[PDB]
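Asker:
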Amino acid sequence: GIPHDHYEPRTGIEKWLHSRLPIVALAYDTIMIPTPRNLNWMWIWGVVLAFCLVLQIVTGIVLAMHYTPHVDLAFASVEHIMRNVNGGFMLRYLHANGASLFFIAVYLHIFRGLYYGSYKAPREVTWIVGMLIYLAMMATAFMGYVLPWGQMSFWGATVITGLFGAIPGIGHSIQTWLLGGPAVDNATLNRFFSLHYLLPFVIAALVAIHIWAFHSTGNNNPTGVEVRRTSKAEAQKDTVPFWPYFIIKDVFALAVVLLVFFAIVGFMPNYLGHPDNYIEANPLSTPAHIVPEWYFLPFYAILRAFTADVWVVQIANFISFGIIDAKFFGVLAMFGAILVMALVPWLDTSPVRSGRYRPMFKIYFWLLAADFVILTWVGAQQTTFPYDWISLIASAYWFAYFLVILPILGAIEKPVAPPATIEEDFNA
Amino acid sequence: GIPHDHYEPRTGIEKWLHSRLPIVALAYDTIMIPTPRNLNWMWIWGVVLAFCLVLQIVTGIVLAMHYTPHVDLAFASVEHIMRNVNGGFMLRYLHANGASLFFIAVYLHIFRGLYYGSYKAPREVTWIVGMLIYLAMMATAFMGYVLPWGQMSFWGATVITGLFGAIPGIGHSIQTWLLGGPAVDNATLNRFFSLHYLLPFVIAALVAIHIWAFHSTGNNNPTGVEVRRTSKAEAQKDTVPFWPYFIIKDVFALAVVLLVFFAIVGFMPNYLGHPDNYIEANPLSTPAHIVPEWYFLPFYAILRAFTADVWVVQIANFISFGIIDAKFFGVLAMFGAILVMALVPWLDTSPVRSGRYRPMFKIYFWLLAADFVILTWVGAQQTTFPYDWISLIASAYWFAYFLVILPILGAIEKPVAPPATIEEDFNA
Amino acid sequence: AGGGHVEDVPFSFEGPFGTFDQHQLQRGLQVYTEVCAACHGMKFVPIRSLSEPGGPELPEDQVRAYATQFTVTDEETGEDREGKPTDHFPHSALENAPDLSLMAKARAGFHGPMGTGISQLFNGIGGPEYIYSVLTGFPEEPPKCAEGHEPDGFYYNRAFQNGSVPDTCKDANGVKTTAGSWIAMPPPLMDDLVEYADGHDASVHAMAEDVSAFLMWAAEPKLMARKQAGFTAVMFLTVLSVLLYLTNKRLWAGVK
Amino acid sequence: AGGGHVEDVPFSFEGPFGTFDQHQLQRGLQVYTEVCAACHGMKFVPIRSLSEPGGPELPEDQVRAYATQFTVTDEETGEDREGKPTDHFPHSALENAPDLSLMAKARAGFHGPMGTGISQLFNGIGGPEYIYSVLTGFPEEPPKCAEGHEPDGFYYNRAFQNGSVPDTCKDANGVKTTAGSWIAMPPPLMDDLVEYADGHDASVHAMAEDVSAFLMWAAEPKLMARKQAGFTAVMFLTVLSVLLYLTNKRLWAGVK
Amino acid sequence: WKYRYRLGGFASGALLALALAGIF
Amino acid sequence: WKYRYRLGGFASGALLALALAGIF
Amino acid sequence: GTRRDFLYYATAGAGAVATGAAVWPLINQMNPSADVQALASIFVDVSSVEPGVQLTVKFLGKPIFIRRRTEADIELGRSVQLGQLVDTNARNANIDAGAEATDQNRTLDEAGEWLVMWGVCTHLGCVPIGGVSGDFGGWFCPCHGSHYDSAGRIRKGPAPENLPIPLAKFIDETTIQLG
Amino acid sequence: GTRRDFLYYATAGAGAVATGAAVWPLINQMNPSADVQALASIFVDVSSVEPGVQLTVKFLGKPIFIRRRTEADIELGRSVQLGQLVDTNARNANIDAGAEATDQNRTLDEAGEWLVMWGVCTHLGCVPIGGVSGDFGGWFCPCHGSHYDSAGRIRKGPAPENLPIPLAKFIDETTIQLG
Ligand code: HEC
Ligand code: HEM
Ligand code: HEM
Ligand code: HEM
Ligand code: HEM
Ligand SMILES: C[C@@]1(c2ccc(Oc3ccccc3)nc2)OC(=O)N(Nc2ccccc2)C1=O
Ligand SMILES: C[C@@]1(c2ccc(Oc3ccccc3)nc2)OC(=O)N(Nc2ccccc2)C1=O
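Going down the list, the sequences are from chains E, A, B, F, H, D, C and G.
Start counting the first sequence at 3; every next residue gets the next number (the deposited numbering).
Start counting the second sequence at 3; every next residue gets the next number (the deposited numbering).
Start counting the third sequence at 1; every next residue gets the next number (the deposited numbering).
Start counting the fourth sequence at 1; every next residue gets the next number (the deposited numbering).
Start counting the fifth sequence at 79; every next residue gets the next number (the deposited numbering).
Start counting the sixth sequence at 79; every next residue gets the next number (the deposited numbering).
Start counting the seventh sequence at 9; every next residue gets the next number (the deposited numbering).
Start counting the eighth sequence at 9; every next residue gets the next number (the deposited numbering).
1) Roughly how many whole angstroms lie between the Cα atoms of E/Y147 and F/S92?
2) Considering Cα atoms alone, identify which of A/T351, A/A307 and A/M34 is closest to residue 466 of chain A.
3) Within 8 Å (strictly less), CB to CB, does H/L94 reach chain B?
4) By the criterion of Cβ-Cβ separation under 7 Å, what are the contact partners of A/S196 in chain E?
5) Between F/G254, F/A184, F/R250 and F/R64, which has its C-alpha nearest F/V134's C-alpha?
6) Just mark G/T10 as buried or exposed, buried being the case when its beta carbon has 16 or more other beta carbons within 10 Å.
7) For a test of your reading of the model: does the CB of A/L274 fall under 7 Å from any non-hydrogen atom of ligand 7? Yes or no.
8) Is G/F148 near ligand 1 - that is, is its Cβ less than 7 Å away from at least one heavy atom of it?
9) Could you confirm whether any beta carbon from chain E is found closer than 8 Å to the beta carbon of F/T238?
10) What residue range does the beta strand (DSSP E) around B/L240 cover?
11) For G/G146 versus A/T385, is the C-beta distance shorter than 8 Å?
12) Name the residues in the region 62-75 of chain G whose C-beta lies less than 7 Å from a C-beta of chain A; which are they?
13) Please classify A/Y117: is it buried, with 16 or more other beta-carbons within 10 angstroms of its beta-carbon, or exposed?
14) Grab the span of the alpha helix (DSSP H) containing F/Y156 for me, first residue to last.
15) Any idea which residues DSSP pairs B/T73 with across the strands?
16) Does B/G126 come out as helix, strand or coil in the three-state DSSP assignment?
17) Roughly how many angstroms lie between the CA atoms of G/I74 and B/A97, to the nearest whole one?
18) State the DSSP-derived secondary structure class of E/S356, mapped to helix, strand or coil.
19) At which residues does the alpha helix (DSSP H) containing C/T78 begin and terminate?
20) Which residues in chain C sit within 8 Å of B/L246, going by Cβ to Cβ distance?
21) Any residues in the region 125-137 of chain B with a beta carbon nearer than 9 Å to a beta carbon of chain A? Which ones, in chain order?
22) Taking only beta carbons into account, state which residues of the region 371-384 of chain E come closer than 9 Å to chain F, listed in chain order.
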């Protein structure tokens, strides 16, 4: 609700079109939203994510024109794309590394939101829409990685379907429904291909809702102080129009990010992959060291952390009369990590918005960031000593950050006064 | 811009959500748009078209989980759907006859627009968006019909690609690009499958634009008289809220239409198809008589009508120094039929909007309706006597209606006065 | 080509309340196995479908014994083995003989009256009728015009409308005078060619009707399920439409 | 299993400006044809790619002759025939010999430093260096722990890791003490087993290096295209980045 | 008892559809 | 000529990109 | 509005029933098809299988292990009592469901020489590695480091159950009917 | 203006160049791939072909006709004069592009006995029915009604041109090389 000017048709065609369909007025209001003038470089990841979604959709639509979702032909079709179709190697590598770019971008986006309190009121709806987008992205990437039908694709599908089948009572039925048979086979591949095509458009719709939500609430800034709505002049002293200023800033940031991304794609496409996925799927043999993609490693580690011998697992088993065993407890913990990440807007009870003015929250947030990196690193390691203890401690801290630390800090912390206005921060 | 009440939160959760994302307000304004009281049963086809789009998308999504876009597997995969996957026969017949339902609904929609002047000002943008939707629907149905990979699929693809190959100069290159090879082959099938998945979502976006466009101007009525914007009382005196008065009306109409559609699907699913499509595609032999689907027969007939012997074809050949030959002239005529349908808002120069008060426009409109039916009928016939002459006359009248008759009637006609208000029409 | 004349047959599966006659389908399977299967094949028809409901509904053990008569190349090892119920019927042993899986849906016995499609609306597609007419459409003596000019390796068929015709039987305009055409298939049926256990007569008419019914089942093995689903949907939508009509009437009574 | 040691070879294709040595790829092709092909195959590599630019780049007549030596079961007909350049290399003749098409991308050559992926970040994936290490990694005599305990039908290789290991070579808590493990492939390269065109050195190290390079090209033929595309896109985004920087700078000059 | 028609109407409408749909 | 800088800038910017991209 | 509410909610209920009837097939079509459900038993020849060598076959899209246990494997498997087993159930489909996980109840013959088993880890479905791996002279699942005894019983790791045994029998001297 | 516009439009131009460089592959990937473009000639064994029988063979996705013409077919063919023909170009890849559509320029041998041509109607690509059909004792296209003569030349109907003749030649007494 930041005061600002409204669209005015200038030329004849604009006047003709405005009276019939105010699409140009909507576009003007969208690109002319007054945004804070003190945003730092961590706000550039939204445009990066928009570009990543568009790139993934375009490259995937291109690839689907040549890929056959059949077990006897999927690997061969991917090799045909790599070797025969014009520039198909570049398109395949772009679509493969675009997932990595997309997920590094969303993790940076999410941790910016966590640091600066962008999840806090009145921005809960934006956070919830984002969490839905993230779940959709995870599912889309899972099915996409299954589509090549290599060793890693096959056994990752096996592991994820087993996790679904770990649910008590209804687990076997849900696993059979997702698989379409006793095990991962052609039906699973075909339906995964169909849903992999479907999901990105749902993600695009959710992203449109995301954009509308953050437009309604208004952009957040590092200071955490909202723009002044008292008058147009004061609002202008705290903001600049999104176009041309932040359009150009974010486009420049995206250009640098794309420079790095294209260098990676053109000189080391296989660094972020796994060599075993260049082996045709073998249902009768598993790779010795199956490893998920890096963007699923932290939650895979959280899944692996809780074994049968952990005290909380034993307590859960006892209280549930054996219904909740170690396997299902691990599944529940893996999903509960996402659950607390979603429920953060109601767990953080502190009144001050930005973490810049929260002395203890800084320490705990940077511990959380280090913990996320440690979970990523330890997911790829074996469960033997000392990795089991490291994973247990990392998962415990991840849960304690949301369930324990944030509510307490909301009560015992002593923040410092933010600036009176965004103008005061910008002029310094 | 019809005056009416606005959304007002009453409960706690609604007040909480309104300040964060006014989505409930948007939904309320959408379903509470005042609409004329005198709309007749011909306004029900928009909801029918929306349901047809949703049904086609859902049925196609479930079908794609079992269909293999490979020449050695496509026909086998479709028969697997028919025979093996539980409910697959009903789903495939639903998706096959949904195209017929979609196109019969769209033609009724279009001809209602033509009769009642719903294309006239200020509703040109809605008509243009609809024309784009119709082109997208045609492309989607074409590429869907090739996926089964029967005889009709193969040779319809061959003919439709030859149409593009007929363009002078760049035609061969465009045909090769659209085929990915010397003839229709696995590349063509795969790219067609990918684009058949893609296009319906583009159609959905265009339909959203359609909805917004007709929300901006309002709804047209048989009377042709716009709602009174002078005050809220008068606006309510000419209109009723869309919910429930027209929601229930259109839902009932859709229920009856679906009764008929499900009876057709359950007791004669393949009446609207061709038996030849139940034969595996044979590149080395053509069916003794290839026939398009009924919703393409009119424009197929328009394509067939103009042979080398026609005087206008000879004139075009002479003026173009042989560049425009009979084949390319026929292709141009087929596309120009849809073109002249497209820009009817600028050819119809009659001030009065509704065709009910135009005494002699009715004659030509019903002649056009009979002409469209005759084109449908004659498309399936051979080009021998007397079918060639009646086809030529039908195409000539189709072009003369938009290019000749409507501009002249805009000048010489003497329409009768419409009612003063929609209230006067509804109360008699 | 064009549309021929097919003798309409009252099959048991015609109309909304149509159901496959189980015994007739079993007889059709028998006559297919002993006559048609020599030259033809049904690559899209699983053998296990013989045991499914709404079909021949043979016992599981009988179907498993029946499947053993086929020699099939194993996909796993590429070696010949006895057939199993999971395997489809063999392909056409004779090349110039199409697949009979979808023949009952790949042919339209009814055409006209003038391309309007009204005949099919009241008579159906007529694929089974076309098959019946083709099987019984071989006369003892060919047409008199063709005599002395018959193509070698072809036989006249009153129902076939896609084969060659001798120059003698053609007219000045170039159209064939004979109703039929020359097909590349000898008369397959013959009186008492198959011994039915239940004692049903084995005339060419009865056998042809049985084969047509069985081939209709093979083409659309879920026809009865389709009709049941259609009735269920029609009744749901009928109740819903009546309720919606009453609701709309009550709602609009306020403003009217 | 695990990931052990490998010999770092300065392959020409390594590096942003690295490119295939066409002669080296021709030598590797010869070694593959005369040695490896006896057991291995490359079912994904089209033979015609022996003339595609950025590879061995043979004259198409030579390729056609090379392709003729293979027997191929025609995809349609079924009867065998001579191989065309449109055909792929044959499957592995030996059941348990893996396909070498993607071998140079299916194996990791470096592991570490502490599961941080930094070594791969600076040294590459290492596929060709692991192939080189397996070919050249057959010692003269086995480890001392295995004399008289070798699994029958296997041979000790320094670089292979997914192989069985005699119980005499593991320690007290299950960890193997030998650098390598027992592979089922006999030492395929022996000094001067090939006679080269240009009389080039044909030691085991030379043949191993050449075949590694050839297998790298076989796994990724478009590597030189990939790096040209990369350098291009980088130069473009670099120019655009500089211009967008100066633009953002002059644009913000007025606000702040 | 506070919602006889709202509740009974919903169930009655559902039963009429299901009860009749099973006639065939 | 009135748009010498607007026209010259667009072409010059495009050439600087294509010209450099062909230096590999 | 008694009659008004009755009519409106009856319409809503009929609509809900129709919606559910339409929705259920959309979910149901993802269940196993008649083609998948029709898969029946297979026959495996074990005429050329010696002691100590495992044979991996494909059944229901999963690996099945047929192992001729050696004398050492038989001796090791029979030593362990029920006390140290993670789960007591043999999980053998060929005998009573309540039977204990004894070596006699984990094999197709009274001498324990043969062992037909699902080669699918009960934790999340990986394939345990044979060759007397693990810390118990049996199989070792490397996906999460689980150990299975010489008789296939779970001894260590996150696996909650022993490797299941499907229906099997020696119809001939050197043939096993799986399924 | 002098420098304000230059920088912005230079940035726009660089962006447009990058956008075009990215867009072009998205379109070029739909062109024929390496495998499609590699399809070379084929060899047909015409050892068993009496006069009057046509031999239809798949090549580059489409049918190729190889008909051994009879006494009458060749008589009729050589009787038609270049003026009576709708299209006077031979449309033959072997002889020069300017060659006239005489019967001797439509066959491979001087006897005019072997006629090899794409069985692809030049209107919209259907396969004409052969075996002496139509009004000119040649081929009839049923898609729209095109008539061809015993030489494969268009005589009546929508088809603009004659049926093309591939680069074809006899490699031996009984073997033809197509393409
Ligand atoms: C049979 C006489 C062989 C010939 C000649 C060559 N190879 Fe081989 N190879 C063979 C077998 C039986 C195996 C599997 C070994 C096992 O224990 O599984 C292999 C495997 C390879 C591998 C993969 C090694 C790995 O760690 O996965 C490679 C890289 C390999 N072989 C390379 C190779 C080359 C380059 C050859 C020609 C110089 C060659 N092999 C010949 C059997 C035989
Ligand atoms: C495809 C995925 C996403 C895209 C394209 C996207 C895009 C954007 C954009 C353009 C903005 C505007 C400000 C900015 O650019 O930083 C934004 C803001 C924001 N996003 Fe996202 N986002 C995505 C996913 C997510 C996710 C997964 C979350 C949280 C889990 C999230 C949470 C937020 C928050 C809290 C804001 C702040 C809004 C405000 O301050 O008003 N986003 N996003
Ligand atoms: C958010 C959007 C998307 C994400 C995150 C995503 C992610 C992925 C990933 C990680 C892979 C594995 C690639 C590999 O291992 O080689 C993949 C493969 C694939 N994806 Fe997507 N994808 C997205 C959208 C799409 C779309 C819209 C389509 C088609 C319309 C598509 C089609 C494919 C195909 C055909 C493959 C297999 C070919 C290949 O391996 O490159 N994807 N996807
Ligand atoms: C899937 C395709 C389409 C859908 C879902 C759709 C839907 C609708 C709906 C819901 C309306 C509101 C009034 C009504 O329902 O009658 C409408 C109005 C209209 N439609 Fe469409 N339509 C489609 C295609 C088209 C096409 C192809 C055309 C013309 C070529 C067209 C032209 C119009 C016009 C002129 C109106 C009148 C709007 C007004 O009176 O303000 N529509 N359409
Ligand atoms: C406006 C939307 C759509 C229209 C008008 C449409 C139309 C058609 C038509 C006419 C056919 C031919 C059916 C036959 O001949 O048997 C077809 C087939 C097919 N369509 Fe669509 N379709 C639409 C959307 C979709 C979508 C979104 C998908 C995938 C998600 C899809 C997947 C398929 C498949 C797999 C087939 C082949 C299987 C079959 O023949 O039923 N369609 N479509
Ligand atoms: C990309 C990836 C993935 C991503 C995300 C992802 O989240 C989900 C988590 C829970 C439910 C649904 C989706 N599930 C897989 O897909 C895939 O098969 N693997 N490999 C792999 C290997 C071993 C174990 C697990 C996964 C991945 O890492
Ligand atoms: C459904 C159908 C179709 C619909 C619509 C359609 O419009 C288009 C017109 C121009 C360009 C793109 C689409 N083009 C085909 O697809 C198809 O292959 N046939 N059969 C068929 C058989 C013989 C000749 C022509 C077509 C159809 O009738």
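A virtual CB, placed ideally from N, CA and C, is assigned to each residue, including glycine.
Answerer: Reading off the structure:
1) Within the first sequence, numbered from 1, the residue matching residue 147 of chain E stands at position 145. Within the fourth sequence, numbered from 1, the residue matching residue 92 of chain F stands at position 92. Their backbone Cα atoms lie some 27 Å apart in a straight line.
2) In the structure as shown, chain A starts at 3 and stops at 430, and residue 466 of chain A therefore has no counterpart that could be examined.
3) Counting from 1 along the fifth sequence, the entry for residue 94 of chain H is found at position 16. Closer than 8 Å to some Cβ of chain B, the Cβ of H/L94 qualifies, so yes.
4) Within the second sequence, residue 196 of chain A is the residue found at index 194, counting from 1. In chain order: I63, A66 and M67.
5) Your numbering for residue 134 of chain F matches position 134 in the fourth sequence. The shortest Cα separation from F/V134 among F/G254, F/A184, F/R250 and F/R64 belongs to F/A184.
6) Working through the eighth sequence from its first residue, we reach residue 10 of chain G at position 2. It counts as exposed.
7) Sequence index remark: in the second sequence, residue 274 of chain A carries index 272 (1-based). Taken from the Cβ of A/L274, every heavy atom of ligand 7 lies 7 Å or farther away.
8) Counting from 1 along the eighth sequence, the entry for residue 148 of chain G is found at position 140. Not under cutoff, so the answer is no.
9) To locate residue 238 of chain F, count along the fourth sequence from 1; it is residue 238. Closer than 8 Å to some Cβ of chain E, the Cβ of F/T238 qualifies, so yes.
10) Taking the third sequence and counting its residues from 1, the one referred to as residue 240 of chain B is at position 240. Here B/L240 belongs to no beta strand (DSSP E); instead the alpha helix (DSSP H) covers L223 to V255.
11) Position 138 of the eighth sequence, counted from the start, is the residue given in the question as residue 146 of chain G. Position 383 of the second sequence, counted from the start, is the residue given in the question as residue 385 of chain A. The answer is no: Cβ separation not under 8 Å.
12) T64, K66, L68, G69, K70 and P71
13) What you label residue 117 of chain A is simply residue 115 of the second sequence in a count that begins at 1. Looking at its Cβ environment, which holds 16 or more other Cβ atoms inside 10 Å, A/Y117 is buried.
14) Residue mapping note: residue 156 of chain F aligns to position 156 of the fourth sequence, counting from 1. Note, F/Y156: premise wrong, no alpha helix (DSSP H); beta strand (DSSP E) at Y155 to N157.
15) On the third sequence, residue 73 of chain B is found 73 positions in, with the first residue counted as 1. Beta-bridge partners of B/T73 (DSSP): B/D80.
16) The residue labelled residue 126 of chain B in the question sits at position 126 within the third sequence. Reduced to three states, the DSSP call for B/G126 is coil.
17) In the eighth sequence, residue 74 of chain G corresponds to position 66, counting from 1. In the third sequence, residue 97 of chain B corresponds to position 97, counting from 1. G/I74 and B/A97: Cα-Cα distance of roughly 23 Å.
18) For this step, residue 356 of chain E is matched to residue 354 along the first sequence. Coil, per DSSP.
19) Along the seventh sequence, read from residue 1 onward, the residue named residue 78 of chain C stands at position 70. Unbroken run through C/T78: none, as it is neither H nor E.
20) As a first step, residue 246 of chain B must be located in the third sequence, where it is residue number 246. Within 8 Å Cβ-Cβ: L15 and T19.
21) For the region 125-137 of chain B, which is checked against every Cβ of chain A, the residues closer than 9 Å are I125 and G127.
22) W379, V380, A382 and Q383
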